[PDB]
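Same chain, two versions here, written out as C-alpha cells and called structure 1 and structure 2.
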Structure 1
C-alpha cells in the first residue's frame, strides 16, 4: 500500500504498519500524513536525526525488538518531533536511556534492555510523562548491574501516573516519587524492607505491586533467590497508611507467614488482593485481615501449600464471611484431600460470589451438594484434582494465567461446572445429584470409558455445552446423551480409544436425536468404521469437525457404504475434513457432501487432484480450504463452476501455473491464498476480473519467483490496486535471476 509499509487511514488518524519486514533502516518513503509508525521487529541498528526528517505529524513510534537478531540511538535523534507522545523502545539491547528525548512525550517504554542507569539528564526534563516502563532490565541469571537511580530523578515528573521498575535489582523503593503516581510496579526488585517513609506521600496510588520481594522459591520455574533463610518480606505496620485509594495490591511471593490486618486499616476501597505463593495456610484458617476487606472483589490465595503436606480438609476462617463484596476466590494449590459441606460454610452467604476456583489441589472427594447452598455461583472450577467416581511475557501477569477459567462460548450459556483433568472414569447413577442447574459442563480428560446410554446426565438435563474431549468413551448405545434435549455444542474430540478398534461397536446414531444440536466436534477420533448406520444425520447441525479421522478408509474405492456419510446433515454450513490422509475423493463422495455448505476444509491431506467441476453442485460455497495437499493444477474455468466463492486457500501445494483467465468474472473472490507453492511467475491477466473484483487479500510469499524485467504487469497491477493487502510482501522472494536470488520484489 505504501512500500515497504502498509497504511491504514483508520480513521481520524493514519497508521503505517511497517512491522516484521526485515528493514535495515527507517524507510525514507513514509508519507508525512502518518501519525503512528510501527517499525517493530525489523533489523534496524541505527536511529539518527535523518531517520524521521520527515514525518512531523508522528505522535507514536514503535521500535520494539530491533535489531531482532542493540539499537544505537543518537543524542536528540527524536528531538525535533514536536508531536511525538508515545515511544516504544523495548528489547533493543539499549545500554542507556537515549539522550535528548523530546519534552512532548507522554509514554516511554524501555522494557527488556540493558539500562542500569536512570539519570536526571535522561528523564528529568520529560515533564509530560504519564507512563514510564523500565521493567525487565536485570533479573534471574542475566549478567547485569544493580539499578542506579539518581536521587530525585522522578520528582520533577509531576504528571507521572504509572511507573514500572519490576525485574530490576533495586534493593530499596526509590525516594522522591511524585505524588501524581497512580500505579507503582516494584515486583522482583530485591527489596527486603518496606519502611514507613517509602509510600507516605502517595495518596493518589491505586495499584501497588511488591510481588516477588523475598520470594517463595521452592519449585520455582525461574532462577529464584530468597531473602536469607527464606524469610518474609518486612513491611512496616504503617507502610500503607496514606494509600487510601488503593484498589490493587499484589503481595504474591513475598514469603508472608503473617498478614498485618492493620495494613488495611485505611484502605477500604481495596478491590483485588493477590497473595499467591506465600505461606498463609495459618492465616487462611484464622485470618484477622479478612475482617478489613469490605469492598474486596477478587482474592487470590493460590499456591500457599506446605510442601509435603496433604491435609484431609481445607481450613477456612469464619472471617471469610466478612468478604461481602467478594466475586471471585482463587484457592488453587492449597492441597487437601476432601471438601465437605461444612468446610465452606463461611462462603455460603456471600451475596455476589460467582466464581470458586479449586484447581490443582489433588482433591479426592467432594460433597457436591454444598455448591447449591451458595447464593449464586456461576463458575465452579474443579479442574485438575483427583476426583473419582462417586520466556515470560513482560506485559502479562507473572504469577498466574489471565485467560478465562471457562471458555466464553460455554460459560455464555449459564452456570458452569468444570470437572476436567480428574479421574471420573465412569459416571455412576448419582454422580450429578444435588447440583445447580448446570448449562456448561467440562468433563474433558477424565479417561472416561462409559457406555453413555441416555440416563447419565438426567439430574442436570439442561446442559447446552458439553465438553467430553480427551476421554475414551465407548459408543455402544444409540441413546447416548439423548437426555440432554437442549444440547447445542458437543465436543467429542480425542476419544479415539475405541474408534481405533475394528471389532467393537461404534454407534453414532444418537446425533440425529437432538432438535437443537449446532456444533459437533469429532476431531482426532481415528474413525474408520461404524456399526449398522453408516450415515450421520441431523436437521439442526451447523458445524461438523471431522479432522483427524480416516475418510481415506471410509471412502475406499471398494466400499460404498459411506458414500453419503454427511449428506443427511441437511443444515450443515461448516465442514472440516482436514488430516484424514486423503489421496483422492471419489467424485460420488464429493457430490454427496451437503449442498447447504458454505465452508469446506480439506487441508493437510495428500490430494494430487481436485475436481473443480463439482463446485457447480455447491452454490452456497463461500470458503474452500485446500492448503497442505499435493495439488499441481488449477482450473482455467473457475467462474464456470462457482459464483459464490469468497475465500480460496491454496498454500503449501505444487502449483506452478496460474492460468491467465483464473480471475475471470469470479467477482465474489475476496481472499486468494497462493503462498508456498511452486510458482516461477504470475501473469497480469490471471487477476484482471472484467466484472467487479472483491479482491482485498492476495497471498504469495514462499514462491520461487523470477524477477526478469517484465515484471510482470504484476508489479504494475500491484500499484494499479494499492488496496489489495498482500501480507508478507517482503517474503515474496525473487529466486531469480541470480542478480536477485534472495531479493524481495520489487527493486528496479
Structure 2
C-alpha cells in the first residue's frame, strides 16, 4: 500500500498536491511516471530520484506551491527520462545538466530570460520545447536573449513555443523538423522572407498578437507605433506549403494579402480575431485563396463607436467551399436580413454559424432555411426581443474553447441558441419559418410568460429545451404540451413566481409527455402548488429537485405533498439535495418510487435516517447523504438492502461504527466516511463471515486517535489491499501531540 503517492499500473505515481516538502524517498522502484506538482518541494539534487532508474516522465510544476533550487546535473542519472515538466517554479535559468534522453521539456511561467546552448543545444532528442510566459505584461523582467543558433542542433524538434516573451525578431536558425511554431505576444513587428524560409514541415504558425489591438484590452497592452499592423513580407509564407493552422489574432491587420496563401493549399483554420478587418470582410480578396479552409474566425473586428444597421459579407465568401464553421463574435451590428448572408447560403458543409455578442436587435429567421447543412445556429448574447496568474497558459487566449452548445443538446439535431437575450415573452410568430429545430436554448431571457401550449408550434419537434434562468409563470396545465417528442426539459432557476405564495403554480403538464426522460426543476424554491400536489409521468427517468423547499412541502402539519414523487413510475435518479431538510417523514420516504436506483439527499440538515425503510427499494444502488448532521448508522444494514452499491456519508457526525459494519452488505463496493467524527475502528467493526466485496473506502478528514487501538485496523488494511483508500496523507492523526498531523499509516506498533 503505497505512501505517500497513490500508484496505479497501466505504472504511475500520483503524488500531487499533497503538502510534500521534498521528493519522497518511499516511491516504488517500478514507477515510470511521477507527478509531484502542486507540492512544497524546494530542492532537487542527484539524491532526489536516486532510487528510480526507470523514470520516463516527471512532473514538478508549481513547486513550491506558495523558488525551486535545482542542482547542475540533478537529473543526469535518469536514463529513461523522456518528459520533464518544470512549470511555475520561478526558475532563473534553464537548469544545467539535463539528460540527453529528454523529448519533452516545459519551462512555462518562470523567470528565464536567457536561452543558451549550454542549456539546450545538447538536448538533441527534443520533440517539444515549451518556454512561453516567462516575460510578459508588466511583469518585472528582462528582454529575452536567444543565443544565435541555439535551436540549430535540435534536428528532431517538432514543437517550439516562445510566446509571451519579449523577442522582437523571429529567432534565426530554426530546424526544419519544426511542425508547430508558437510566437504569440512576442513583440515582433516585422516578419521577413528569411524568417520561415526552410520550414517546409510547418503545420501550425501562431503570430498573434504582435502589434496587438489594445482598445479595451483585458490585460496590459502596448501597440505598435501609430496603430500599425504587424508587417508581414509578401514572400514570408512562400515555402510554408504544409500549413494547416494560421493564427493572426490581434495583430491589428487591416489588409490581408491574398498572396500570403498563394502556396498554402492545406490551410484549414485561420484565426483573425481582434483585428480591423471590417473592410476586408466586405471586400475579401484573400477569400479566393482558401477553398479548403474549414474554420474561419473573424471575431471582434468591430470599429469602436460604430453600430451599423447591417453586417457586410463579401460575395467572395462564396468561394470558401470547405467551410464547416464561421465565427463572427463581436462584429457589432443592429439587424440581420436575409440578403446579408446570400454568399454563405450555398456552402455545402457550413455547419456552425456563431454570432454571439453582436448586440443584434432584429433577425429575419427565415434566412436560416435557405441553408444546406446548418446544425448549430448560435445567437447567444445579443439584443433579440419579442416581435495565481490571470490567464491559462495552456488554453487559447482569444476565445473560449468549450462547445457552443451542450453536447447532450446538440446530439438531438439542429440547434438554435437564443440565450442571454431579452425575449421576455414568446409572441405567436417568434419562431415562424425556422428550420426543424431539435435543440433550443432560451436560458436567461427573463421570460415571464404563461406558456399555454402554442408557443413552440412553428417548431414542434424540439427534443431538448433549455429554459433555465427565466421567470416563467406557470399558470396553465397545457404548457409545453405541443412538444410531443420532448425528452429533456431544463426549468432550473425560474423561482421568481414560485417564491410568491398567492399566485398560481401549475406543474400538471409534466404528465402529458410520452418520451420525457429528464426534468430539471432545481433551484426553483418550490414550496407550494395549486390543485395538484403530485408530480406524475409514465416515462420520466431523472428528476432533479435540488434547491427547493421540501422542508416546507413535507412539514409535519401538512399531509398534502406526502406522495409528491410516487407518480413518477419509471424513475431511477432523484436529487433532493439543498432542500433544507432536517427530517423526512417515514411515509413520504416510503412514497418515493420503488424503481429508484440513485437517491441523493446531500447538503440538507438530516439528523436521523430511518435505514429500515430501504426494504422498499430493491433496485437502489447509490445513496448519497453527504453534508447532513447524521450521528449513527444502523447496526444491521443487510437486513434492509441487498442492492446498495455506493454509500456516501462524508460530512456527517458519525463517531462510531456498528459492530460488523462494512462486512454487512455484499453488494457495497464504495463506502465513503470522510470528514466524520470517528476516532478509531474497533476490532468488532472488522469481524466477518462473508468475504468483503468492498473496493473503495474513504476515511480522510476523521480525527483519529493514533495509539495502540488502531493497530487492528492497520492490520485489516494490510490484510485487504484490494480495498483502495485514497488520500492516505489526509487520513490523519488528531492525537496525541506526538502523532498530531501524521498519516495514521506512519506509526509503529
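Between two forms, the rigid core is defined as the largest C-alpha subset superposing within 1.5 Å. Positions refer to the first chain, counted from 1.
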query	finding
Large Cα shift (2 Å or above) at residue 48 between structure 1 and structure 2, core-fitted	no
C-alpha of residue 737 moved at least 2 Å between structure 1 and structure 2 on rigid core	no
Backbone CA shift between structure 1 and structure 2, residue 685, after core fitting (angstrom)	4.1
Between structure 1 and structure 2, how far the Cα of residue 724 shifts once the core is aligned, in Å	3.1
Once the two forms are fitted on their core, CA shift of residue 113 between structure 1 and structure 2 in Å	0.9
